[PDB]
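First the structure, in the form of structure tokens, and then the observations on it.
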Amino acid sequence: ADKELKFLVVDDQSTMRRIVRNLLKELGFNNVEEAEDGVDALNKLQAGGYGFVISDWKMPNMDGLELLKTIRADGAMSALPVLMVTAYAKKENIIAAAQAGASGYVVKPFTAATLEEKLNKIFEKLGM
Ligand code: BEF
Ligand SMILES: [Cl-]
Ligand SMILES: [Mn+2]
């Protein structure tokens, strides 16, 4: 993928945003911005130019499933890749996120190799 691809990393725990940002930096992606919940995320996304979203689920103000549904329903961003990265591991959560249009899903705790693989799986799927 294009190393200037602009990522939005969304999680309500600063520790996880930091992990994801650093993993992206290792992979060669330095154009990375953070958001703390779905509302903060949508404000950032309205500024434009984003190419990929990595998102948590359990967050205040607007949770990640609602963020994913908002993105998918909005004509300005409906094709934005969205990777869910969440501690929710139950199959009903996976099914609900998948059905809502998640580009991929990673269960916390996750390894560096898992995130790279799942990112690459999405890049390949979308011809990026
Ligand atoms: F709070 Be996230 F869903 F891990
Ligand atoms: Cl998978
Ligand atoms: Mn959370």
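Residue names in the structure tokens use chain letters A, B, ... in the order shown, residue numbers from 1 in each chain, and ligand numbers from 1 in the order shown.
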**Message:** 9 Å from ligand 1 is the threshold here; counting only C-alpha atoms and all ligand atoms, which polymer residues fall inside it? Answer as a PyMOL selection string.
**Reply:** chain A and resi 11-13+16+55-59+63-64+84-88+107-109
Selection above as a file: N, CA, C and O atoms, as a PDB file, in the first residue's frame:
```pdb
ATOM      1  N   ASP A  11      -9.659   4.689  19.490  1.00  0.00           N
ATOM      2  CA  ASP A  11      -9.804   3.853  20.637  1.00  0.00           C
ATOM      3  C   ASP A  11      -9.913   4.805  21.804  1.00  0.00           C
ATOM      4  O   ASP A  11      -9.257   5.869  21.813  1.00  0.00           O
ATOM      5  N   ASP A  12     -10.694   4.406  22.790  1.00  0.00           N
ATOM      6  CA  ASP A  12     -10.844   5.256  23.976  1.00  0.00           C
ATOM      7  C   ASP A  12      -9.728   5.068  25.009  1.00  0.00           C
ATOM      8  O   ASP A  12      -9.663   5.855  25.947  1.00  0.00           O
ATOM      9  N   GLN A  13      -8.840   4.118  24.807  1.00  0.00           N
ATOM     10  CA  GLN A  13      -7.634   3.945  25.679  1.00  0.00           C
ATOM     11  C   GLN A  13      -6.407   4.401  24.961  1.00  0.00           C
ATOM     12  O   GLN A  13      -6.025   3.803  23.924  1.00  0.00           O
ATOM     13  N   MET A  16      -3.818   1.743  23.829  1.00  0.00           N
ATOM     14  CA  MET A  16      -4.043   0.986  22.594  1.00  0.00           C
ATOM     15  C   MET A  16      -3.781   1.854  21.366  1.00  0.00           C
ATOM     16  O   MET A  16      -3.324   1.367  20.356  1.00  0.00           O
ATOM     17  N   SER A  55     -10.427   0.788  14.278  1.00  0.00           N
ATOM     18  CA  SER A  55     -11.307   1.190  15.347  1.00  0.00           C
ATOM     19  C   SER A  55     -11.601   0.149  16.377  1.00  0.00           C
ATOM     20  O   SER A  55     -11.929  -1.018  16.063  1.00  0.00           O
ATOM     21  N   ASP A  56     -11.541   0.599  17.616  1.00  0.00           N
ATOM     22  CA  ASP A  56     -12.148  -0.078  18.788  1.00  0.00           C
ATOM     23  C   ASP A  56     -13.686  -0.184  18.716  1.00  0.00           C
ATOM     24  O   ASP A  56     -14.343   0.480  17.879  1.00  0.00           O
ATOM     25  N   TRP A  57     -14.277  -0.982  19.631  1.00  0.00           N
ATOM     26  CA  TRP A  57     -15.719  -1.054  19.721  1.00  0.00           C
ATOM     27  C   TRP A  57     -16.184  -0.337  20.978  1.00  0.00           C
ATOM     28  O   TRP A  57     -16.922   0.636  20.882  1.00  0.00           O
ATOM     29  N   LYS A  58     -15.840  -0.838  22.125  1.00  0.00           N
ATOM     30  CA  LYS A  58     -16.350  -0.257  23.389  1.00  0.00           C
ATOM     31  C   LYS A  58     -15.694   1.127  23.684  1.00  0.00           C
ATOM     32  O   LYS A  58     -14.541   1.227  24.118  1.00  0.00           O
ATOM     33  N   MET A  59     -16.478   2.176  23.455  1.00  0.00           N
ATOM     34  CA  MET A  59     -16.071   3.581  23.641  1.00  0.00           C
ATOM     35  C   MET A  59     -17.262   4.394  24.057  1.00  0.00           C
ATOM     36  O   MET A  59     -18.371   4.142  23.546  1.00  0.00           O
ATOM     37  N   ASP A  63     -19.957   4.352  20.069  1.00  0.00           N
ATOM     38  CA  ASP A  63     -19.167   3.118  20.006  1.00  0.00           C
ATOM     39  C   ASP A  63     -18.773   2.760  18.579  1.00  0.00           C
ATOM     40  O   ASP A  63     -19.254   3.367  17.621  1.00  0.00           O
ATOM     41  N   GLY A  64     -17.876   1.809  18.433  1.00  0.00           N
ATOM     42  CA  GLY A  64     -17.263   1.503  17.129  1.00  0.00           C
ATOM     43  C   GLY A  64     -18.197   0.862  16.151  1.00  0.00           C
ATOM     44  O   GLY A  64     -18.023   0.978  14.963  1.00  0.00           O
ATOM     45  N   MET A  84     -11.852  -3.399  12.547  1.00  0.00           N
ATOM     46  CA  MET A  84     -12.225  -3.404  13.963  1.00  0.00           C
ATOM     47  C   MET A  84     -11.117  -4.107  14.745  1.00  0.00           C
ATOM     48  O   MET A  84     -10.670  -5.172  14.359  1.00  0.00           O
ATOM     49  N   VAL A  85     -10.713  -3.514  15.871  1.00  0.00           N
ATOM     50  CA  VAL A  85      -9.696  -4.059  16.768  1.00  0.00           C
ATOM     51  C   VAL A  85     -10.278  -3.905  18.186  1.00  0.00           C
ATOM     52  O   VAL A  85     -10.373  -2.798  18.709  1.00  0.00           O
ATOM     53  N   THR A  86     -10.690  -5.026  18.778  1.00  0.00           N
ATOM     54  CA  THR A  86     -11.563  -4.974  19.930  1.00  0.00           C
ATOM     55  C   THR A  86     -11.385  -6.165  20.825  1.00  0.00           C
ATOM     56  O   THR A  86     -11.055  -7.267  20.351  1.00  0.00           O
ATOM     57  N   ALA A  87     -11.642  -5.974  22.112  1.00  0.00           N
ATOM     58  CA  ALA A  87     -11.596  -7.071  23.047  1.00  0.00           C
ATOM     59  C   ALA A  87     -12.804  -7.965  22.910  1.00  0.00           C
ATOM     60  O   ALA A  87     -12.809  -9.066  23.467  1.00  0.00           O
ATOM     61  N   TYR A  88     -13.873  -7.514  22.221  1.00  0.00           N
ATOM     62  CA  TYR A  88     -15.066  -8.393  22.044  1.00  0.00           C
ATOM     63  C   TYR A  88     -14.734  -9.574  21.157  1.00  0.00           C
ATOM     64  O   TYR A  88     -14.460  -9.372  19.984  1.00  0.00           O
ATOM     65  N   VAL A 107      -9.088  -9.485  17.324  1.00  0.00           N
ATOM     66  CA  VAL A 107      -9.418  -9.626  18.727  1.00  0.00           C
ATOM     67  C   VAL A 107      -8.195  -9.268  19.583  1.00  0.00           C
ATOM     68  O   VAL A 107      -7.084  -9.781  19.341  1.00  0.00           O
ATOM     69  N   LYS A 108      -8.393  -8.360  20.562  1.00  0.00           N
ATOM     70  CA  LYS A 108      -7.407  -8.045  21.570  1.00  0.00           C
ATOM     71  C   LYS A 108      -7.380  -9.119  22.651  1.00  0.00           C
ATOM     72  O   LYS A 108      -8.456  -9.564  23.068  1.00  0.00           O
ATOM     73  N   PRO A 109      -6.222  -9.525  23.152  1.00  0.00           N
ATOM     74  CA  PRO A 109      -4.888  -9.003  22.777  1.00  0.00           C
ATOM     75  C   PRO A 109      -4.409  -9.560  21.438  1.00  0.00           C
ATOM     76  O   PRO A 109      -4.678 -10.732  21.106  1.00  0.00           O
TER      77      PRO A 109
END
```
**Message:** Need the shell around residue 73 in chain A: protein/DNA/RNA residues with any atom at most 12 Å away, counting only C-alpha atoms. Skip same-chain ones fewer than 6 positions apart. Format as a PyMOL selection string?
**Reply:** chain A and resi 66-67+79-80+100-101
**Request:** Enumerate as a list in words the residues within 7 Å of ligand 2, counting only C-alpha atoms and all ligand atoms.
**Result:**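 Protein and nucleic-acid residues within 7 Å of ligand 2: residues 104, 105 and 118 of chain A.
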**Message:** When you count only C-alpha atoms and all ligand atoms, which of these residues is closest to ligand 3: A:15, A:70, A:30, A:103?
**Reply:**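 Of all the options, A:15 lies closest to ligand 3.
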**Straight-line distance linking CA of residue 18 in chain A with CA of residue 36 in chain A, stated in Å to one decimal** =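 Taking CA of residue 18 in chain A and CA of residue 36 in chain A, their separation equals 11.7 Å.
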**Message:** I'd like to know which of A:1, A:53, A:8, A:35 is closest to ligand 3, using only C-alpha atoms and all ligand atoms.
**Reply:**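 Among the listed residues, A:35 lies closest to ligand 3.
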**Message:** Ranking A:69, A:91, A:17, A:44 by minimum distance to ligand 3 and counting only C-alpha atoms and all ligand atoms, which one comes first?
**Reply:**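 The closest residue to ligand 3 is A:17.
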